[PDB]
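Shown next as structure tokens: one chain only, the form deposited in one PDB entry.
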């Protein structure tokens, strides 16, 4: 019988309008002493909104349904009168954002490793009919070894809200999401490109002085390909960051297989990648 009393709270990892994420220690059962992450949602906040209530259901369904090395693991889920609890694996490696912030610009080999692992996670989600939408580098964490974990499947984590599409940065989201004109898994391959661009140039591809100007630039999609990148990196970017969603690399029947076949990923051994037998560019434990 998993209860809130089965866990002691250690610290707040995140705080938002709908609740909190804690680092916790399990103090009962065979897992006594194990460290987890605990997401606690406020029911009252959520049930007063039909979309959020659906989104909260979707989150738990997704987590219970996916199982993949590069996607965060759900260990337990329960609820009380006022709270919904999700017990996730604790990831000690931080957000991908922090590595990018420290490094300024990734070397291409570094970027390739992360994008390669992410592509496998995306392919898994798409097989399950799930769209990730937003690969801004805060939405990707690293485990203790330095491997990728997609984490963002639930409610908007902001305290102030703009519907939640526009509540955080929109710089990594596809034009057709911003226009609300209907979309599909192709938006993830767009977002992979935006993240790649961020990794290799220091900033996402389309940024304006304000929110209005940023949206305009994304819709116009006039990509500036820096001349310094390899031909492979440039070609992959040009095929991901396209306004015509159907024509994006990855948007076809092959999905992730299409992207993973690109010359930019030519040195990647996918069997070894998936088994996490490939040495990551950064080791959080050593940092």
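Numbering follows the first chain given and starts at 1. Rigid core (definition): largest C-alpha set, two forms, superposition within 1.5 Å.
- Compared with the other entries of this protein, residue 57 is frequently left unbuilt, missing from a third or more of those that build its neighbours.
- For residue 72, the record comparison shows coordinates present in all the other entries of this protein that model its neighbours, with no third of them leaving it out.
- According to the entry, the deposited sequence has 1 to 3 residues without coordinates between residue 162 and residue 163.
- As recorded in the PDB entry, 120-128 is the stretch of 120-128 and 187-195 with the greater mean C-alpha temperature factor.
- As recorded in the PDB entry, 55-63 is the stretch of 55-63 and 214-222 with the greater mean C-alpha temperature factor.
- Highest C-alpha temperature factor among 29, 33, 69, 250, as the PDB entry reports it: 29.
- Looking at 201, 181, 110, 143, the one whose CA carries the top B-factor in the deposited record is 181.
- Among the modelled residues of its chain, residue 151 has a C-alpha B-factor that falls in the lowest third according to the deposited record.
- When all modelled residues of the chain are sorted by CA temperature factor, residue 166 is found within the highest third.
- Among the modelled residues of its chain, residue 19 has a C-alpha B-factor that falls in the lowest third, as given in the PDB entry.
- Among the modelled residues of its chain, residue 244 has a C-alpha B-factor that falls in the lowest third according to the deposited record.
- In this PDB entry, the Cα temperature factor of residue 158 sits in the top third of its chain's modelled residues, the highest group.
What comes next is about the form deposited in another entry, which does not appear here.
- Aligning the rigid core between this form and the one not shown and inspecting 73, 95, 108, 216, the C-alpha positions shift by 2 Å or more at one residue, which is 95.
- In the core-superposed comparison between this form and the one not shown, the C-alpha atom of residue 126 has shifted by less than 2 angstroms.
- The Cα shift for residue 179 between this form and the one not shown, taken after rigid core superposition, is 2 angstroms or larger.
- Comparing the forms between this form and the one not shown on their rigid core, the Cα displacement of residue 154 reaches 2 Å or more.
- Panel note: the distance between the CA atoms of residue 233 and residue 175 is larger in the other entry than in this form, the difference being 3 Å or more.
- Compared with the form shown here, the Cα atoms of residue 205 and residue 96 move at least 3 Å farther apart in the other entry.
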